[PDB]
Amino acid sequence: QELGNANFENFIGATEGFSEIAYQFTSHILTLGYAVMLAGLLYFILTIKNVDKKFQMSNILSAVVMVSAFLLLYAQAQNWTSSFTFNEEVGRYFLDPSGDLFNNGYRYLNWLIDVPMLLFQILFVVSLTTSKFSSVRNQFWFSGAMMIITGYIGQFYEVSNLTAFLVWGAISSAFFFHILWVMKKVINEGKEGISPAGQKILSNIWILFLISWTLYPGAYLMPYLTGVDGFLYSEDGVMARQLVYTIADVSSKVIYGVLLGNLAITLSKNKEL
Amino acid sequence: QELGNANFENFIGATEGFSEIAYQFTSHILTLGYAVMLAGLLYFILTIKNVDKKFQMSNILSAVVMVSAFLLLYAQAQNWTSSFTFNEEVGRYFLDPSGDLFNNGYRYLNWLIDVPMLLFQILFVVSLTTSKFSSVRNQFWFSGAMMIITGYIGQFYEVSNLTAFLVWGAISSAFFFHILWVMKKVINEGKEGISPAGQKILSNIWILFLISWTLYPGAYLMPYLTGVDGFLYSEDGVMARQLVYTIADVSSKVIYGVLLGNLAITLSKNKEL
Amino acid sequence: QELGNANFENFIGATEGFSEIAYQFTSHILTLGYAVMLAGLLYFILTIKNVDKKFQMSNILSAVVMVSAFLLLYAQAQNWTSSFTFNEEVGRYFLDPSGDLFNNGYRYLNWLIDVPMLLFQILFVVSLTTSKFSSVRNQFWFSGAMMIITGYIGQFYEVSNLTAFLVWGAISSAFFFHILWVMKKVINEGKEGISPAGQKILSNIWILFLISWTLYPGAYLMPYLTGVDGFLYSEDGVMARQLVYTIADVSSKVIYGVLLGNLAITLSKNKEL
Amino acid sequence: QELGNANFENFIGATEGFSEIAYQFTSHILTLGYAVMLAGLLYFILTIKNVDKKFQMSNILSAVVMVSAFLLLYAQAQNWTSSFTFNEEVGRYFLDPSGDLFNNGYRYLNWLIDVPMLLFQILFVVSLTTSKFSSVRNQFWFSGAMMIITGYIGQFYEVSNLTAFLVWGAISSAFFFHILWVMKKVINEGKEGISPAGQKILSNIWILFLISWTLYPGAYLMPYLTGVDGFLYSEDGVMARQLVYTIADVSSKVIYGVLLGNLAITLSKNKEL
Amino acid sequence: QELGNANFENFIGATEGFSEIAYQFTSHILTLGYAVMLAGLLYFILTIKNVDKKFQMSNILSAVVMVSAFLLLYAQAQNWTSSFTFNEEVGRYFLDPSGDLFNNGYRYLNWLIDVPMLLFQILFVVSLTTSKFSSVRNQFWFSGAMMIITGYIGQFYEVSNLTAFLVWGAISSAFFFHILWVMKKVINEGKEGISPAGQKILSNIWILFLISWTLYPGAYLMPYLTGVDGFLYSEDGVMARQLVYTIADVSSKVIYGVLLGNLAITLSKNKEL
Ligand SMILES: CCCCCCCC/C=C\CCCCCCCC(=O)OC[C@H](O)CO
Ligand SMILES: *C/C=C(C)/C=C/C=C(C)/C=C/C1=C(C)CCCC1(C)C
Ligand SMILES: *C/C=C(C)/C=C/C=C(C)/C=C/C1=C(C)CCCC1(C)C
Ligand SMILES: *C/C=C(C)/C=C/C=C(C)/C=C/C1=C(C)CCCC1(C)C
Ligand SMILES: *C/C=C(C)/C=C/C=C(C)/C=C/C1=C(C)CCCC1(C)C
Ligand SMILES: *C/C=C(C)/C=C/C=C(C)/C=C/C1=C(C)CCCC1(C)C
Ligand SMILES: CCCCCCCCCCCCCCCCCCCC
Ligand SMILES: CCCCCCCCO[C@@H]1O[C@H](CO)[C@@H](O)[C@H](O)[C@H]1O
Ligand SMILES: CCCCCCCCO[C@@H]1O[C@H](CO)[C@@H](O)[C@H](O)[C@H]1O
Ligand SMILES: CCCCCCCCO[C@@H]1O[C@H](CO)[C@@H](O)[C@H](O)[C@H]1O
Ligand SMILES: CCCCCCCCO[C@@H]1O[C@H](CO)[C@@H](O)[C@H](O)[C@H]1O
Ligand SMILES: CCCCCCCCO[C@@H]1O[C@H](CO)[C@@H](O)[C@H](O)[C@H]1O
Ligand code: NA
Ligand code: NA
Ligand code: NA
Ligand code: NA
Ligand code: NA
């Protein structure tokens, strides 16, 4: 069957199909995904006034990100269930092309909201020392955009052209490393002149940021992480990818947002944790 | 017809089918489910300022849980009606696999929000005495997650492998008992140093918590509670399961949330009740 | 064909079909239904601060009821259009079972929100004299639930078993009379020690309550109110039922809520109308 | 084909079909419709505190009307696209009865919200002199309802029975004239003893009211305004009808609401325009 | 296949079909579109109180525009996926007419909100010097409407009648140039008597306005910008058009709104940036 430049889910779906567990789990984890985001939207709105005025833009940007992530994860949940249909005879879910091919690209372009806003929002909580606000913001946003767009092109080829997949991935990675570099700088300057309590939180934020963001290129590579005809080039790999996205999404957006809120409280003149 | 690792609803649906009453009731009770949750969302938002600032996080977390539960119960309501279709010739609803198999697993993974947040939220109303806040929270969250994940694996096998069903269920149960243990401690420490009115409420909360949470493993076992080829391995058991979920959901989320709100009022310096 | 324990709409739909007017009107009146409820939701939220704090729970409970009623009436609007499909050859809408049978039972189980909350909410406006708050509430809620549950069982049989229909209906009626009894008591005690203006409103509330609530058993019986093979056992009776529900819904929920709000204003120490 | 008592859209749709332009425009204009209403909902909520408390009920009722109109226009937009399907062979959209016949009656019954509330809401801005508040309200509401109900019956016959169409239309018209009469009285009494600024606005409101409300019987007659086999008994007439509704809807609801808000500001003791 | 007065997307879709990348990208970019708008809605509401009262109408009108754009872009996202269906045999998406033809006309009529409101809203932030507020508003609104309506007629013919396409486009362009003229005047008068910081922002607003608004006629012409049978009369041109719309939409609505908000802050007597 002729699929072209399509994600590997569609190939598994079209040949082997998915077991009840594989299909249902993938559905469940996406559903949990979008549920978490809408719950988070409510949380961040409802807690705006828990911090001093100057910090409240962080709450607002969290909320912005929640909207994006909800809409996407919801749309993608539906895309999953439309793309694969139960076959009675064998008792597995197979590619139903009338529902469109499944594509992870939805996530990527929506990152053009999430990434810039997540990177931006810390700059409303921490004070920089030697770095300039506008400079950091511009570096974040440029490298963010390039990271995403290059990756986005990559993933179309994850089956059809493994070379293009890896080369685009590599280029993307370069921009990723730049972001890591700049964020580390920000975190360090953030720590300067604040309580030990706030410094502990920023330490935690950095570890959360580093792990959670790294999951995303993890999900990129997922089908191939056990090499050719490996364990992960299978319904098991499909499950793994969406699990990793969901963990990454919750970590990088919600928990990140919560920790920033907690930092904002410690830095607030009225309030205490 | 090969169904595999699927819930028992699909087996009843595929062999006997469901009567008008069985199909419609199941539909109605899920609808009532999600209606209750959205109504609850409104209630908890609209009553935030009925309690002192420090208590208001309980209202917010109630609201968070309402969002999760609404989304899930709504999604599951639709799943029910898509999965079973009327057959004119016999006048019963039968498995329609084009709608996907029905699976209760949606609930389980969404509990990864509900359970942690419900356990968490009491710690914003009551003061601990001998226990440490972070300790209780960590025990709740770890045991919560393990309870859910093990159960989630179990339920896939409730027909296909009765042994796996029961063993996973048993392991889950161990974690459940731990939670019960910790919550009892919390309730007792909560009672110390507060009005008799607030103590009465916490007494009620404990009974509500104990019954409502125990319904959930009840629903797990439901098809087998009258043994093999029992009364409950039938459309009657299908109805019963979703009824029990809905009672449990309303009790454990809404009423629980309401009682905590009432406790918060009694502990509030301004307010009376 | 074999329909079983199904509402009479499905029997009309399956034999005679519905005319354009009958089908469209039923659709229109349900649509108006849910529109009214969402508009009411807005009204009750937006007018919360028009009354003293102590009265504001009445506004909140109105809002709660609006959410329930919206969701249900919306869902039921869609159920109507899915259940009956145009036949080109004869030019009438006939039962389309692929859409599920139509069932009024959706309403009934959602009353488990509406009824308790509507009865409850007056107790936040009026002061009782000789009666106890918790006593009245418990009687309302118990008799409410029994009324609904017994009726709910009844209506499944409105075609399939006329005896069961009437017996369950009769039992339901007993609990209805109890509620009427208790509400009358409440209204009388409410009138004691308040302005003539507030007393006039409570007089109006009682008449509204009595008529509007009585429409509901009216809708129950509707197909049979002109006896066997009567005028109303027809598409005309189908129309009539849903019209009566919608009148009853608007009266018993919205207008009731509005009048209570007006009462709350007169009893409010700052406020004037 | 046998269509029965159906709107003329369905007859054009069933015989000639609709061109790309006719089908798409009708779709676009309904979409614009419901978009305007939801935008208006936001506007009216967000501007509540721009006027003195006593005037704020006008904002609230505007908002109520917006909800109704949104829901309806949205529902009707979907009805349009479901009712007419592209035929490849000829390249026109034809009646698809599996989607139900299109009916304008949805609008009419929703007017049972819109009309009463629009007429009501002015009575919260202007002061009457010689007329009684409750008297005007009752006349508005009675004549409103009769206007709508009679018209609603009429439009079912606009093809099937031209006599009934015109007679019901005529009766409706009588009630319309009564409303015009009463509104003129209200406007004049409104003008008495208020600033020149407020008087100018009421002058504008009257012209807006008169034109916008008259469009609605215009849309009623639309197919026949060029007589038999005229220009307008065609896809061109279908387009025209929905355009006129949309102009009327925006004028009679949104702009009307805006002008009243502006009047409320001029009459407000705190505020300036 | 007879398509008639239809957009060129449908012709590409009906002959060549779309590759995975072309179909998916178009879907992704529209999704990002509507996501951005809903996020923007939240932002503009949540930041109303960040500026002095007099400026807050700009926030409200931003919000209004967000609602319109969300609804449209959402609706259009769905229209895309309904209009083109995967063909298994060749592995390309082809026109599926059961989903309706795709038409960009949805956008145009919704501009009847967006354009007037965007032009209007600046007049609440800047002070005019030479010009009259009502005069500028009327010129904006008249020329806006004429621009849109003429363009709207044009685009129906972009394939079927290239002459009509270009003539209507030309007429539209005339009105566009008028708007540019008036806006330039506004921006210059805005700069007079305000801080250098606010002047820099208005400089930026002008460049943003000029580029972003010019993209829209760009998208109009897109298929023909490489002449006959050029690179862009292809799936590549389809992609390009929707990319350009989305860039234009984000720029002209969100970023424009953000910059105005920033200007409002600098002009605010309480607040600083
Ligand atoms: C190919 C394009 C890729 C698209 C993705 C690129 C990232 C852009 C993200 C958001 C822009 C939102 C617009 C906000 C513009 C104003 C920012 C600003 O004013 O700066 C903050 C201010 O200094 C503090 O007060
Ligand atoms: C909320 C969403 C977030 C934080 C997304 C982050 C995405 C990345 C860090 C993506 C990184 C990638 C690489 C570094 C290589 C492969 C391509 C990407 C874009 C997945
Ligand atoms: C709002 C949802 C709640 C409170 C869910 C609670 C779920 C449980 C207490 C589940 C318990 C289970 C067992 C103890 C055994 C079987 C597996 C579970 C997960 C159903
Ligand atoms: C908002 C919904 C309300 C107020 C519903 C009220 C329902 C009733 C009063 C139902 C009464 C019934 C009887 C007394 C006999 C037949 C069975 C019932 C439940 C319809
Ligand atoms: C927001 C909706 C409004 C203001 C609707 C107004 C409707 C009318 C004024 C209808 C008038 C009619 C006639 C006077 C004759 C034909 C039947 C009607 C109902 C369309
Ligand atoms: C938010 C939407 C906006 C700002 C839309 C702006 C639209 C235009 C500036 C359209 C311009 C056109 C021309 C000048 C020629 C072709 C026809 C139009 C309407 C696309
Ligand atoms: C306290 C407020 C009092 C409101 C009284 C206003 C009454 C308006 C209700 C309208 C009822 C119209 C009844 C029409 C009957 C159907 C006849 C249609 C002709 C065939
Ligand atoms: C950095 C990690 C990248 C590892 C690249 C390994 C490439 C795997 O090789 C690929 O495996 C597929 C699935 O088994 C096969 O279907 C393909 O034919 C094969 O090219
Ligand atoms: C604590 C409750 C667990 C008891 C397990 C009950 C054993 C059920 O046994 C099962 O019953 C099914 C339905 O009757 C049969 O179809 C299966 O063959 C049988 O394995
Ligand atoms: C108290 C109100 C209840 C009145 C009961 C009336 C009995 C109706 O009798 C029923 O009428 C149906 C409709 O034609 C027939 O199809 C049934 O066979 C018949 O039993
Ligand atoms: C303006 C209000 C009165 C208008 C009445 C016009 C009479 C229309 O007459 C009708 O025209 C239809 C369309 O051409 C024909 O198909 C019908 O046969 C004819 O009865
Ligand atoms: C200002 C830019 C306008 C240039 C318009 C000239 C291009 C018109 O060229 C058109 O190309 C189409 C596909 O490429 C063909 O199908 C048409 O037959 C042809 O007229
Ligand atoms: Na599926
Ligand atoms: Na079904
Ligand atoms: Na239908
Ligand atoms: Na269509
Ligand atoms: Na598609």
# chains A, B, ... in the order shown; residues from 1 in each chain; ligands from 1
>>> residues_near_ligand(ligand="ligand 3", cutoff="8 Å", atoms="only C-alpha atoms and all ligand atoms", output="PyMOL selection string")
chain B and resi 65+69+107-108+111+114-115+118+147-152+154-155+168-177+212-221+248-249+252-253
>>> write_last_selection(atoms="C-alpha atoms", output="short mmCIF file (atom, residue, chain, number, x, y, z; two decimals), in the first residue's frame")
data_model
loop_
_atom_site.label_atom_id
_atom_site.label_comp_id
_atom_site.auth_asym_id
_atom_site.auth_seq_id
_atom_site.Cartn_x
_atom_site.Cartn_y
_atom_site.Cartn_z
CA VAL B 65 -11.11 17.51 39.24
CA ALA B 69 -14.28 14.11 35.25
CA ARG B 107 -11.61 6.29 33.50
CA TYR B 108 -8.47 4.75 34.95
CA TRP B 111 -7.73 8.98 37.75
CA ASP B 114 -8.49 12.87 40.04
CA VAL B 115 -6.90 10.67 42.74
CA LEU B 118 -8.55 14.70 45.71
CA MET B 147 -2.93 1.66 42.53
CA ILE B 148 -4.20 3.09 39.24
CA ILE B 149 -1.53 1.74 36.89
CA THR B 150 -1.74 -1.82 38.24
CA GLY B 151 -5.55 -1.75 38.12
CA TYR B 152 -5.39 -0.32 34.60
CA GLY B 154 -5.69 -5.67 35.28
CA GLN B 155 -8.95 -4.61 33.66
CA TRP B 168 -3.05 -7.16 39.30
CA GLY B 169 -6.27 -6.31 41.17
CA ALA B 170 -4.77 -7.73 44.38
CA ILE B 171 -1.55 -5.72 43.99
CA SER B 172 -3.61 -2.59 43.31
CA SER B 173 -5.61 -3.36 46.49
CA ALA B 174 -2.43 -3.29 48.62
CA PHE B 175 -1.73 0.30 47.49
CA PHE B 176 -5.40 1.17 48.11
CA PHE B 177 -5.12 0.01 51.74
CA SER B 212 -17.12 5.95 47.78
CA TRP B 213 -13.52 4.88 47.06
CA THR B 214 -14.33 1.22 47.80
CA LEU B 215 -17.05 1.25 45.11
CA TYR B 216 -14.28 1.52 42.49
CA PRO B 217 -12.74 -1.95 43.12
CA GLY B 218 -16.42 -2.99 43.41
CA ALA B 219 -16.96 -1.92 39.79
CA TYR B 220 -13.68 -3.69 38.87
CA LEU B 221 -15.05 -7.04 40.10
CA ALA B 248 -18.73 6.67 43.23
CA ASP B 249 -17.82 9.62 40.96
CA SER B 252 -15.85 10.92 45.78
CA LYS B 253 -15.55 14.15 43.78
#
>>> residues_around(residues="residue 182 (chain C)", least_positions_apart="4", cutoff="9 Å", atoms="only C-alpha atoms", output="VMD selection string")
chain C and resid 136 139 to 140 177 to 178 186 to 187
>>> write_last_selection(atoms="N, CA and C atoms", output="CSV table (one decimal), in the first residue's frame")
chain,number,residue,atom,x,y,z
C,136,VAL,N,-36.8,19.4,56.3
C,136,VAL,CA,-37.4,19.8,55.1
C,136,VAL,C,-36.5,19.3,53.9
C,139,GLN,N,-36.7,15.5,53.4
C,139,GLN,CA,-38.0,15.0,52.9
C,139,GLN,C,-38.1,15.3,51.4
C,140,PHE,N,-37.7,16.6,51.0
C,140,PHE,CA,-37.6,17.0,49.6
C,140,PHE,C,-36.8,16.0,48.8
C,177,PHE,N,-47.1,14.2,45.7
C,177,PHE,CA,-48.1,14.8,46.6
C,177,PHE,C,-47.4,15.2,47.9
C,178,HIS,N,-46.5,14.4,48.4
C,178,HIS,CA,-45.7,14.7,49.6
C,178,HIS,C,-44.9,15.9,49.4
C,186,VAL,N,-43.5,25.3,53.5
C,186,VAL,CA,-42.3,26.1,53.4
C,186,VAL,C,-42.7,27.5,53.0
C,187,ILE,N,-43.6,27.6,52.0
C,187,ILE,CA,-44.0,28.9,51.4
C,187,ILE,C,-44.7,29.7,52.4
>>> residues_around(residues="region 96-98 of chain C", least_positions_apart="2", cutoff="9 Å", atoms="only C-alpha atoms", output="PyMOL selection string")
(chain B and resi 85-88) or (chain C and resi 13-14+82-85+93-94+100-102)
>>> residues_near_ligand(ligand="ligand 9", cutoff="12 Å", atoms="only C-alpha atoms and all ligand atoms", output="tab-separated table (two decimals) with C-alpha atoms, in the first residue's frame")
chain	number	residue	atom	x	y	z
B	8	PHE	CA	-16.88	-7.82	29.28
B	9	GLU	CA	-19.41	-5.25	28.02
B	11	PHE	CA	-18.77	-9.82	25.02
B	12	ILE	CA	-22.33	-9.37	26.32
B	15	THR	CA	-23.47	-12.40	21.99
B	157	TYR	CA	-7.79	-9.07	31.16
B	158	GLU	CA	-11.10	-9.23	33.05
B	159	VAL	CA	-12.32	-11.70	30.39
B	160	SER	CA	-9.21	-12.84	28.49
B	161	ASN	CA	-7.14	-13.93	31.53
B	162	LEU	CA	-8.96	-14.16	34.88
B	163	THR	CA	-5.72	-14.89	36.76
B	164	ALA	CA	-3.93	-11.73	35.56
B	165	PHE	CA	-7.15	-9.81	36.30
B	166	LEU	CA	-7.15	-10.92	39.95
B	167	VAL	CA	-3.41	-10.73	40.62
B	169	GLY	CA	-6.27	-6.31	41.17
B	170	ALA	CA	-4.77	-7.73	44.38
B	217	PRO	CA	-12.74	-1.95	43.12
B	218	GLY	CA	-16.42	-2.99	43.41
B	219	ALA	CA	-16.96	-1.92	39.79
B	220	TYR	CA	-13.68	-3.69	38.87
B	221	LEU	CA	-15.05	-7.04	40.10
B	222	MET	CA	-18.69	-6.37	39.21
B	223	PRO	CA	-19.13	-9.04	36.46
B	224	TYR	CA	-17.86	-11.81	38.77
B	225	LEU	CA	-19.44	-10.82	42.11
B	226	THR	CA	-22.14	-13.49	41.55
B	227	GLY	CA	-19.43	-15.96	40.49
B	228	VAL	CA	-19.27	-17.80	37.16
B	229	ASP	CA	-22.35	-17.63	34.89
B	230	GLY	CA	-23.86	-15.49	37.68
B	231	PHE	CA	-26.68	-12.94	37.56
B	232	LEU	CA	-24.17	-10.12	37.03
B	233	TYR	CA	-22.35	-11.60	34.03
B	234	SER	CA	-25.06	-10.08	31.86
B	237	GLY	CA	-23.97	-6.44	35.40
>>> select_by_dssp(residues="region 26-246 of chain A", states="strand (DSSP E or B)", output="list in words")
residues 84, 85, 86, 87, 92, 93, 94 and 95 of chain A
>>> interface_residues(of="chain E", to="chain D", cutoff="10 Å", atoms="only C-alpha atoms", output="VMD selection string")
chain E and resid 1 to 7 45 48 53 56 to 57 59 to 61 63 to 72 75 96 to 113 152 to 153 156 to 157
>>> select_by_dssp(residues="region 18-212 of chain B", states="helix (DSSP H, G or I)", output="JSON, numbers by chain")
{"B": [20, 21, 22, 23, 24, 25, 26, 27, 28, 29, 30, 31, 32, 33, 34, 35, 36, 37, 38, 39, 40, 41, 42, 43, 44, 45, 46, 48, 49, 50, 53, 54, 55, 56, 57, 58, 59, 60, 61, 62, 63, 64, 65, 66, 67, 68, 69, 70, 71, 72, 73, 74, 75, 76, 77, 78, 79, 80, 81, 82, 83, 97, 98, 99, 105, 106, 107, 108, 109, 110, 111, 112, 113, 114, 115, 116, 117, 118, 119, 120, 121, 122, 123, 124, 133, 134, 135, 136, 137, 138, 139, 140, 141, 142, 143, 144, 145, 146, 147, 148, 149, 150, 151, 152, 153, 154, 155, 162, 163, 164, 165, 166, 167, 168, 169, 170, 171, 172, 173, 174, 175, 176, 177, 178, 179, 180, 181, 182, 183, 184, 185, 186, 187, 188, 189, 190, 191, 196, 197, 198, 199, 200, 201, 202, 203, 204, 205, 206, 207, 208, 209, 210, 211, 212]}
>>> atom_distance(atom1="CA of residue 95 (chain C)", atom2="CA of residue 95 (chain B)")
20.2 Å
>>> residues_near_ligand(ligand="ligand 1", cutoff="9 Å", atoms="only C-alpha atoms and all ligand atoms", output="PyMOL selection string")
(chain A and resi 111-117+120+124+133-134+137-138+140-146+148-149) or (chain E and resi 201+247+250-251+254-256+258-259+262+273)
>>> atom_distance(atom1="CA of residue 22 (chain D)", atom2="CA of residue 10 (chain D)")
13.5 Å
>>> closest_residue(among="D:123, D:80, D:208, D:135", to="ligand 7", atoms="only C-alpha atoms and all ligand atoms")
D:135
>>> decode(residues="region 55-67 of chain E", atoms="N, CA, C and O atoms", output="CSV table (one decimal), in the first residue's frame")
chain,number,residue,atom,x,y,z
E,55,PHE,N,-8.5,53.2,27.7
E,55,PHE,CA,-7.8,52.4,26.7
E,55,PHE,C,-8.3,51.0,26.6
E,55,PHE,O,-7.9,50.2,25.7
E,56,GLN,N,-9.3,50.6,27.5
E,56,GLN,CA,-9.6,49.3,27.7
E,56,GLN,C,-10.5,48.7,26.6
E,56,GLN,O,-10.7,47.5,26.4
E,57,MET,N,-11.1,49.7,25.9
E,57,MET,CA,-12.0,49.3,24.7
E,57,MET,C,-11.2,48.7,23.6
E,57,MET,O,-11.7,47.9,22.8
E,58,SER,N,-9.9,49.0,23.5
E,58,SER,CA,-8.9,48.4,22.6
E,58,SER,C,-8.8,46.9,22.9
E,58,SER,O,-8.8,46.1,22.0
E,59,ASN,N,-8.6,46.6,24.2
E,59,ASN,CA,-8.5,45.2,24.7
E,59,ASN,C,-9.8,44.5,24.3
E,59,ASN,O,-9.7,43.3,23.9
E,60,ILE,N,-11.0,45.1,24.4
E,60,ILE,CA,-12.3,44.5,24.3
E,60,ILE,C,-12.5,44.2,22.8
E,60,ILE,O,-13.0,43.1,22.4
E,61,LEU,N,-12.0,45.1,21.9
E,61,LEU,CA,-12.2,45.0,20.5
E,61,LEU,C,-11.2,43.9,19.9
E,61,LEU,O,-11.6,43.2,19.0
E,62,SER,N,-10.0,43.9,20.5
E,62,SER,CA,-9.1,42.8,20.2
E,62,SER,C,-9.8,41.4,20.5
E,62,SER,O,-9.8,40.5,19.7
E,63,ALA,N,-10.4,41.3,21.7
E,63,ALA,CA,-11.1,40.1,22.1
E,63,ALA,C,-12.2,39.8,21.1
E,63,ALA,O,-12.4,38.6,20.8
E,64,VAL,N,-13.0,40.8,20.7
E,64,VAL,CA,-14.1,40.6,19.8
E,64,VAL,C,-13.5,40.0,18.5
E,64,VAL,O,-14.1,39.0,18.0
E,65,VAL,N,-12.4,40.5,18.0
E,65,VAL,CA,-11.8,40.1,16.8
E,65,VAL,C,-11.3,38.6,16.9
E,65,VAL,O,-11.4,37.8,16.0
E,66,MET,N,-10.8,38.3,18.1
E,66,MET,CA,-10.3,37.0,18.4
E,66,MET,C,-11.4,35.9,18.2
E,66,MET,O,-11.2,34.8,17.7
E,67,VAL,N,-12.6,36.2,18.8
E,67,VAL,CA,-13.7,35.3,18.7
E,67,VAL,C,-14.1,35.0,17.3
E,67,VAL,O,-14.2,33.9,16.9
